[PDB]
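Q:
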Amino acid sequence: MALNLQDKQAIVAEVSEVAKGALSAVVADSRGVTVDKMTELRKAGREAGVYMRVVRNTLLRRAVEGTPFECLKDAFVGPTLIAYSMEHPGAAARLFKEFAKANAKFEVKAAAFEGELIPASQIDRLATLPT
Amino acid sequence: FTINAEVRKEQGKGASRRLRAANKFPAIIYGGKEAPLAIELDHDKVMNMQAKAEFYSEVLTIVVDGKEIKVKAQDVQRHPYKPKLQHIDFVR
Amino acid sequence: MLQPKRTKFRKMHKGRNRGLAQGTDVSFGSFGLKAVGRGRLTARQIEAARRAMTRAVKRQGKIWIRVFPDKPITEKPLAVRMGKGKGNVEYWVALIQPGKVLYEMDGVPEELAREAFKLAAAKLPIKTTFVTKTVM
Amino acid sequence: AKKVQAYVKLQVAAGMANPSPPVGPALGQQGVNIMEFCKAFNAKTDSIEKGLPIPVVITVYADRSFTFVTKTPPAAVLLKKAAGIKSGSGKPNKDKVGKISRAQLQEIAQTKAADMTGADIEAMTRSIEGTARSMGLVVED
Amino acid sequence: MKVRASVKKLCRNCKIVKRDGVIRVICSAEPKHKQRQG
RNA sequence: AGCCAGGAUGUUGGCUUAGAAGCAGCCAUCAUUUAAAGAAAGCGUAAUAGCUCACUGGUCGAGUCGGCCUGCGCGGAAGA
Ligand SMILES: [Mg+2]
Ligand SMILES: [Mg+2]
Ligand SMILES: [Mg+2]
Ligand SMILES: [Mg+2]
Ligand SMILES: [Mg+2]
Ligand SMILES: [Mg+2]
Ligand SMILES: [Mg+2]
Ligand SMILES: [Mg+2]
Ligand SMILES: [Mg+2]
Ligand SMILES: [Mg+2]
Ligand SMILES: [Mg+2]
Ligand SMILES: [Mg+2]
Ligand SMILES: [Mg+2]
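Going line by line, the protein sequences match chains 5, V, M, I and 4.
If you're matching positions, the first sequence starts at 1 in the deposited numbering and goes up one per residue.
If you're matching positions, the second sequence starts at 2 in the deposited numbering and goes up one per residue.
If you're matching positions, the third sequence starts at 1 in the deposited numbering and goes up one per residue.
If you're matching positions, the fourth sequence starts at 1 in the deposited numbering and goes up one per residue.
If you're matching positions, the fifth sequence starts at 1 in the deposited numbering and goes up one per residue.
1. Quick one: using the 10 Å Cβ neighbour count with 16 as the cut-off for buried, is residue 108 (chain 5) buried or exposed?
2. For the alpha helix (DSSP H) containing residue 203 (chain M), name the first residue and the last one.
3. Under 8 Å between the Cβ atoms of residue 86 (chain 5) and residue 18 (chain 5)?
4. Cβ closer than 7 Å: which chain 5 residues qualify as neighbours of residue 130 (chain I)?
5. Apart from the five residues just before and just after residue 15 (chain 4), which ones in its own chain have a Cβ nearer than 6 Å to its Cβ?
6. For ligand 10, is there a heavy atom less than 7 Å away from the beta-carbon of residue 21 (chain 4)?
7. With distance defined between alpha-carbon atoms, name the residue in 128 (chain I), 73 (chain I) and 7 (chain I) nearest to residue 31 (chain I).
8. State the Cα-Cα distance for the pair residue 3 (chain 5) and residue 11 (chain 5), rounded to the nearest angstrom.
9. Looking only at its chain, what residues have a beta carbon closer than 7 Å to the beta carbon of residue 5 (chain V), apart from the 5 residues adjacent to it on each side?
10. Between residue 67 (chain M) and residue 118 (chain M), is the Cβ-Cβ spacing less than 8 Å?
11. Does the beta carbon of residue 16 (chain M) fall short of 7 Å from some heavy atom of ligand 5?
12. Mark residue 103 (chain 5) as exposed unless 16 or more other C-beta atoms lie within 10 angstroms of its C-beta, in which case mark it buried.
13. Under a three-way DSSP split, which group does residue 43 (chain V) fall into?
14. Can you pull the DSSP bridge partners for residue 94 (chain M)?
15. Residue 98 (chain I): beta carbon under 7 Å from a heavy atom of ligand 4?
16. Please decide whether residue 54 (chain V) counts as near chain M, where near means a Cβ-Cβ distance under 8 Å.
17. May I have the straight-line CA-CA distance separating residue 13 (chain M) from residue 12 (chain V), to the nearest angstrom?
18. Quick one: grab the DSSP three-state call for residue 35 (chain 5).
19. Taking the alpha-carbon positions, what's the residue 35 (chain 5) to residue 9 (chain 4) distance?
20. Under the DSSP definition of a beta bridge, which residues are partnered with residue 140 (chain V)?
21. Answer with yes or no whether the minimum CB distance from residue 21 (chain V) to chain M is below 8 Å.
22. For residue 128 (chain M), count neighbouring Cβ atoms within 10 angstroms of its own Cβ and tell me buried if that reaches 16, exposed if not.
23. Over what stretch of residues does the beta strand (DSSP E) that includes residue 5 (chain V) continue unbroken?
24. Three or more C-beta pairs under 8 Å: does that hold for the region 118-127 of chain 5 against the region 32-48 of chain V?
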């Protein structure tokens, strides 16, 4: 895996997205399908474009190095697979529920849909969002 | 592209082979109105140096007795079959 | 099977294959098969090693044969006593000293070159090695 | 929505009703009959076009018949009448077979958007353009 | 097995092992590739 | 290197309409959704399906696949 600079670019890119973001959502394919790939991510295309970097790399010190600088509560989320689905347009968008809705639609499991950070909450399926 | 190199004192068949059997090899620097200078230098460096294409084109600064002499590699003697150098002619 | 097209003399002295080779640098192609060992290559071995290369790389690429026989080897028949003349010329050989580039190749990948030269090297008596064209 | 029970995508030209040499045993491998791919198969086919291959989902259940929703015809079968040359592919890099531009394939791209996956039209445009790239038709951009 | 003087890794699952001084090549997939010596 | 994971909707793609369907042969060798995916390195099919690997994720978490230059060894190595 390429140099400390190349690696630094990846996280320093991820930290800048948290500065211009708000809501996030976990997703753990622990027996998904690529037929699912372009539902949870295809959604993000249907939002607008490529910018929505789901950056699946919550490793104990990888995205948790960027944690100290931005949102300290996500350190405990580390254990077991998580994807930091950083959003951009629309404060608290519909991208949170669709991971939980896709889970039923042929994806086996999805991290027990625990969630990330808006009111600093845990595992809660929440339809109450701005629409 | 900077190499430390010693001045030769013994020179001929006997010296050169003794030298090449000690991880070094004989080279020579010449050019301009000045006299030619025989130069003993390390093998394992210059072997790794020549892999780059810049070596046989760009200017090299050979360090001898403190003094840094600017040169280009004009001619070179490969060992017949083994991948290793015998001798280098440095033009100034 | 390679052979001189007419010569001055039919039969030649045995001689002594000594010293180092002269065709040492890879001149024409990008890659080459250099002779590490000493020995002699027959006309048959050269053709056999050429066919093994040519078939491995397929129609594509270009191959040179830097060596050529031009030394006739005599052999006395079976159940024949010594003397009563020099024997009859049976086969033609190129003397190979160490350092000699045998074959040269161009217009192929480095990965697929090395495997082509192994198949040739397996047909030759002499111990050989791969060499690349270095710029000066 | 249910998981993998017994669904497979497989049938030649949709005009060819009841294929025995082309497919035969495969569609009649399970409990579903050979007659099902003839009467019900040409119901949806006759709306769009015949002499055209088109796929369909074969989610077999223990009842008798199966539920299904048809999708879309694939890339290069559409790039016959659209492309020009029947022989799609031959020796492209060594010998370029044909060529197609962006204007046609971009226009052809969006007509399958009911089935196709993507963000914008320009997103799937370079995909369904690219479907030409790979027929020896180095895209005339 | 084969007892050739030049044993080598024929397929991917073939594996070289030195048992009691002799070099052997043991395989999971094809028992044909099982070969000793050399 | 290990471990529950992912590793596509059209591609039955044209082709010699008997099929080549990611993988007989042709060549191209798409680009989207994006953590990632070659329109594919191998297995398996009349061809599909299917199972692996490339890659990408999360765990345990530290040194590690490979090539020349060589010093000594090993097999190759059976006779009255
Ligand atoms: Mg002298
Ligand atoms: Mg003198
Ligand atoms: Mg002497
Ligand atoms: Mg001058
Ligand atoms: Mg003599
Ligand atoms: Mg001579
Ligand atoms: Mg000469
Ligand atoms: Mg007698
Ligand atoms: Mg024993
Ligand atoms: Mg013993
Ligand atoms: Mg024996
Ligand atoms: Mg015995
Ligand atoms: Mg005896």
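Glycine residues also receive a C-beta, built at the ideal position from the N, C-alpha and C atoms.
A: In terms of the structure at hand:
1. exposed
2. The question about residue 203 (chain M) has no answer, for chain M in this structure spans 1 to 136.
3. yes
4. Within 7 Å Cβ-Cβ: nothing; residue 130 (chain I) doesn't reach chain 5, min ~16 Å.
5. 26
6. yes
7. 7 (chain I)
8. 13 Å
9. 64
10. no
11. yes
12. buried
13. strand
14. 41 (chain M)
15. no
16. yes
17. 39 Å
18. helix
19. 38 Å
20. Here chain V has residues from 2 to 93 only, and residue 140 (chain V) is not among them.
21. no
22. buried
23. 3-8
24. no
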